[PDB]
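This report concerns only the one structure given below.
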Amino acid sequence: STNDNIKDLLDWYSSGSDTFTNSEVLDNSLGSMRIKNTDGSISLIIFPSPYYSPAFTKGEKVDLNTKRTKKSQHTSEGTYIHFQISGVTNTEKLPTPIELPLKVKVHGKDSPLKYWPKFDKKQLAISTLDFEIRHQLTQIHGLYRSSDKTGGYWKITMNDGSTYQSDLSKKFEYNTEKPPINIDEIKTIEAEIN
């Protein structure tokens with residue numbers, strides 16, 4: 001029914017994601033970051049976008065809401081190394097968790113909301129909002145599980161006017177990814193499957 005391209009997407013968005021708080025920066029380089037988590041694992045996260053180059057200095061606490069690219073490895077010394085991409089932010093929290101408003105429209109009709117989260121962080125990376133949204137669409141609305149639901153777009157619109165979006169027919173454009181944004185400044189989140 002669907003093609004390999006759409007199958008790969010579904011595998012991507014139907015796998016999980018690592019969530020970690022107050023991790024610590026071991027080293028920050030150009031295009032990369034090495035960090036240690038509260039559970040003792042090291043992460044090697046790559047940042048390929050010139051528009052989103054984390055400026056955390058060694059010693060700082062950070063948050064992870066990232067996706068792995070390779071299979072993590074248990075080393076000879078038993079240290080656990082994760083191979084993730086994008087998704088580092090500051091440990092700031094909002095005094096209370098806010099209700100992000102997601103609006104989906106499947107083939108014209110405004111579809112009901114199910115499973116949709118509520119976040120407590122001041123800021124989240126966009127690729128994160130991308131995995132949270134699209135994952136919702138795959139489980140609940142059938143995105144990538146049928147030939148007739150393999151496209152469309154999500155579009156976050158900020159309070160200041162500025163917007164961000166992604167085409168559901170391709171994987172998130174990691175290399176042109178902007179820096180994290182304040183989820184408390186998101187006015188509306190739209191999604192549309194076609």
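Ordering of the structure tokens sets the chain letters (A, B, ...); residue numbers start at 1 within each chain; ligands are numbered from 1 in the order shown.
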
Can you list every residue of stretch 64-141 of chain A that has an atom at most 12 Å from stretch 147-156 of chain A, with its nearest atom pair and the distance in Å to one decimal, using only C-alpha atoms, ordered by chain then number, as a tab-separated table?
residue	atom	partner	partner_atom	distance
A:100	CA	A:156	CA	10.5
A:101	CA	A:156	CA	9.9
A:102	CA	A:156	CA	9.1
A:103	CA	A:154	CA	9.3
A:104	CA	A:154	CA	8.6
A:105	CA	A:152	CA	9.6
A:106	CA	A:149	CA	8.3
A:107	CA	A:149	CA	8.4
A:108	CA	A:152	CA	11.2
A:126	CA	A:156	CA	9.5
A:127	CA	A:154	CA	11.7
A:129	CA	A:156	CA	9.0
A:130	CA	A:154	CA	8.1
A:131	CA	A:154	CA	10.9
A:132	CA	A:154	CA	11.1
A:133	CA	A:154	CA	7.8
A:134	CA	A:154	CA	8.2
A:135	CA	A:154	CA	11.9
A:136	CA	A:154	CA	11.6
A:137	CA	A:149	CA	10.1
A:138	CA	A:149	CA	9.6
A:141	CA	A:149	CA	8.8

Secondary structure check, helix (DSSP H, G or I) residues of stretch 48-159 of chain A, as a list in words: residues 126, 127, 128, 129, 130, 131, 132, 133, 134, 135, 136, 137, 138, 139, 140 and 141 of chain A

Take the residues that were just selected and, keeping N, CA and C atoms, output them as a CSV table (one decimal), in the first residue's frame.
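result_22.csv, written as the output of this step:
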chain,number,residue,atom,x,y,z
A,126,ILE,N,12.2,22.7,18.3
A,126,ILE,CA,11.2,22.6,17.3
A,126,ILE,C,11.1,21.1,16.8
A,127,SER,N,12.2,20.4,16.6
A,127,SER,CA,12.2,19.1,16.2
A,127,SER,C,11.4,18.2,17.2
A,128,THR,N,11.4,18.7,18.4
A,128,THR,CA,10.8,18.0,19.6
A,128,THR,C,9.3,18.2,19.4
A,129,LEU,N,8.9,19.4,19.1
A,129,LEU,CA,7.4,19.7,18.9
A,129,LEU,C,7.0,18.9,17.6
A,130,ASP,N,8.0,18.7,16.7
A,130,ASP,CA,7.8,17.9,15.5
A,130,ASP,C,7.5,16.5,15.8
A,131,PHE,N,8.2,15.9,16.7
A,131,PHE,CA,8.0,14.5,17.1
A,131,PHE,C,6.8,14.3,18.0
A,132,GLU,N,6.5,15.3,18.8
A,132,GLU,CA,5.4,15.2,19.7
A,132,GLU,C,4.1,15.3,18.9
A,133,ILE,N,4.0,16.2,17.9
A,133,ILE,CA,2.9,16.4,17.0
A,133,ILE,C,2.7,15.2,16.1
A,134,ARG,N,3.7,14.9,15.3
A,134,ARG,CA,3.6,13.8,14.4
A,134,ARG,C,3.3,12.5,15.0
A,135,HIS,N,3.8,12.3,16.2
A,135,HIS,CA,3.6,11.0,16.9
A,135,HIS,C,2.2,10.8,17.3
A,136,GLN,N,1.6,11.9,17.5
A,136,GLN,CA,0.2,12.0,17.9
A,136,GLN,C,-0.6,11.7,16.7
A,137,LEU,N,-0.2,12.2,15.5
A,137,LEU,CA,-0.9,12.0,14.3
A,137,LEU,C,-0.8,10.5,13.9
A,138,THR,N,0.4,9.9,14.1
A,138,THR,CA,0.5,8.5,13.6
A,138,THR,C,-0.4,7.6,14.5
A,139,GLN,N,-0.3,7.7,15.8
A,139,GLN,CA,-1.1,6.8,16.6
A,139,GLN,C,-2.6,7.1,16.4
A,140,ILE,N,-3.0,8.3,16.8
A,140,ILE,CA,-4.4,8.7,16.7
A,140,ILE,C,-5.1,8.9,15.3
A,141,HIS,N,-4.4,9.6,14.4
A,141,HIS,CA,-5.0,9.9,13.1
A,141,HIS,C,-4.6,9.1,11.9

Residues flagged strand (DSSP E or B) by DSSP in stretch 29-167 of chain A, as a ChimeraX atom specification: /A:29,32-36,42-46,61-68,73-74,80-85,88-89,93-98,102-106,109-111,119-121,123-124,152-158,163-167

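The gap separating atom CA of residue A:22 from atom CA of residue A:93 is 11.4 Å, in Å to one decimal.
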
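For the choices A:30, A:120, A:182, A:44, the atom-to-atom distance to residue A:159 is smallest for A:182 when using only C-alpha atoms.
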
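Compared by their closest atoms to residue A:1, and using only C-alpha atoms, the residues A:69, A:176, A:38, A:146 rank with A:146 nearest.
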
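Closest approach to residue A:29 from the set A:16, A:117, A:78, A:54 is made by A:54, with distances taken over only C-alpha atoms.
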
Selection near residue A:70, 9 Å with only C-alpha atoms, sequence-local residues under 4 positions removed, as a ChimeraX atom specification: /A:82-84

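Put simply, atom CA of residue A:81 is 24.0 Å away from atom CA of residue A:172.
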
Shortest interatomic distance to residue A:19 - which of A:5, A:157, A:79, A:89, counting only C-alpha atoms: A:89

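Among A:67, A:8, A:122, A:74, the residue with the shortest atom-to-atom distance to residue A:170, counting only C-alpha atoms, is A:8.
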
Spatial neighbours of residue A:47, max dist 12 Å, only C-alpha atoms, sep filter under 3 positions, as a VMD selection string: chain A and resid 28 to 34 44 50 to 55 66 83 to 88 125 127 173 to 179

Long-range neighbours of residue A:80 as a ChimeraX atom specification, 7 Å cut-off, only C-alpha atoms, 3 positions minimum in chain: /A:41-42,73-75

Quick one: write out the picked residues with N, CA and C atoms as a PDB file, in the first residue's frame?
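So again.pdb came out as:
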ATOM      1  N   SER A  41      24.531   7.798  31.978  1.00  0.00           N
ATOM      2  CA  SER A  41      24.866   7.582  30.563  1.00  0.00           C
ATOM      3  C   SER A  41      25.408   8.865  29.958  1.00  0.00           C
ATOM      4  N   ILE A  42      26.178   8.728  28.886  1.00  0.00           N
ATOM      5  CA  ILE A  42      26.753   9.856  28.182  1.00  0.00           C
ATOM      6  C   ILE A  42      25.884   9.930  26.952  1.00  0.00           C
ATOM      7  N   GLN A  73      25.364   2.192  22.705  1.00  0.00           N
ATOM      8  CA  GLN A  73      26.331   1.136  22.931  1.00  0.00           C
ATOM      9  C   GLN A  73      26.735   1.011  24.397  1.00  0.00           C
ATOM     10  N   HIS A  74      26.976  -0.224  24.852  1.00  0.00           N
ATOM     11  CA  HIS A  74      27.465  -0.524  26.209  1.00  0.00           C
ATOM     12  C   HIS A  74      28.909  -0.793  25.861  1.00  0.00           C
ATOM     13  N   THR A  75      29.795   0.015  26.415  1.00  0.00           N
ATOM     14  CA  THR A  75      31.226  -0.080  26.152  1.00  0.00           C
ATOM     15  C   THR A  75      31.911  -1.219  26.910  1.00  0.00           C
TER      16      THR A  75
END

Selected residue of minimal separation from residue A:40 among A:20, A:95, A:59, A:160, counting only C-alpha atoms: A:20

Near-residue A:57 list (9 Å; only C-alpha atoms; drop same-chain fewer than 4 positions) as a PyMOL selection string: chain A and resi 25-28

Atom-to-atom span, atom CA of residue A:21 and atom CA of residue A:99, Å: 20.4 Å
